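First comes one chain, alone, set out as structure tokens in the form solved without guanosine-5'-triphosphate.
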């Protein structure tokens, strides 16, 4: 499944841990960090696929989290040449992604990340807001910034309401 022009449809989970901090997790088998993103399953709508990725990536289900916001339209960006697949047909030249801001309702104790038998994450750490934007590769950084900007005040209001 590719969206018409060569874009893979995905959903990115922005877990926000209610201390004012964001999703970041060490990537299984790679031993370095990675962003979230999970493909959309054919004919599964964005919210349904978002709970699919929530399970595949974080090992959480349709109950462990609370949607607060989502990106106003599908963000997308273009893979660098060497990371373009050439094996997908159509050739996949980018990630079409809608990010969902999820407030954590369960947590670390209920997060399992190894639900999928070959997941992407091995374990994590809630980190300062803009930190993952610096950790990600330079071509993604700009786009991930937009995701963070779209949600910044939505997370910060919870750490900015008493004291706040």
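Numbering follows the first chain given and starts at 1.
Keep in mind that the form deposited with guanosine-5'-triphosphate bound is missing from the display, and what follows is about it.
**Q** Quick check: do 18, 59 and 109 each get a heavy atom within 4.5 Å of guanosine-5'-triphosphate in the bound PDB entry?
**A** Checked in the bound PDB entry: no contact with guanosine-5'-triphosphate for any of the three.
**Q** Give a yes or no for residue 137: in the bound PDB entry, does one of its heavy atoms lie within 4.5 Å of a heavy atom belonging to guanosine-5'-triphosphate?
**A** Because a heavy atom of residue 137 falls inside 4.5 Å of guanosine-5'-triphosphate in the bound PDB entry, the answer is yes.
**Q** Could you tell me if residue 95 has a non-hydrogen atom within 4.5 Å of guanosine-5'-triphosphate in the bound PDB entry?
**A** Yes, residue 95 sits close enough to guanosine-5'-triphosphate in the bound PDB entry that at least one of its heavy atoms falls within 4.5 Å.
**Q** Using a 4.5 Å heavy atom cut-off, state whether residue 132 contacts guanosine-5'-triphosphate in the bound PDB entry.
**A** Although guanosine-5'-triphosphate is absent here, residue 132 would stay clear of it in the bound PDB entry, with no heavy atoms inside 4.5 Å.
**Q** Report yes if any heavy atom of residue 83 sits within 4.5 Å of a heavy atom of guanosine-5'-triphosphate in the bound PDB entry; otherwise report no.
**A** Taking the distances in the bound PDB entry, the answer for residue 83 is yes, it comes within 4.5 Å of guanosine-5'-triphosphate.
**Q** Give me the residue from 103, 114, 48, 37 that has a heavy atom within 4.5 Å of guanosine-5'-triphosphate in the bound PDB entry.
**A** Answer to the contact question: 37.
**Q** For the stretch 9-30, I need every residue with any heavy atom inside 4.5 Å of guanosine-5'-triphosphate in the bound PDB entry, listed N to C.
**A** Those in contact are 10, 27.
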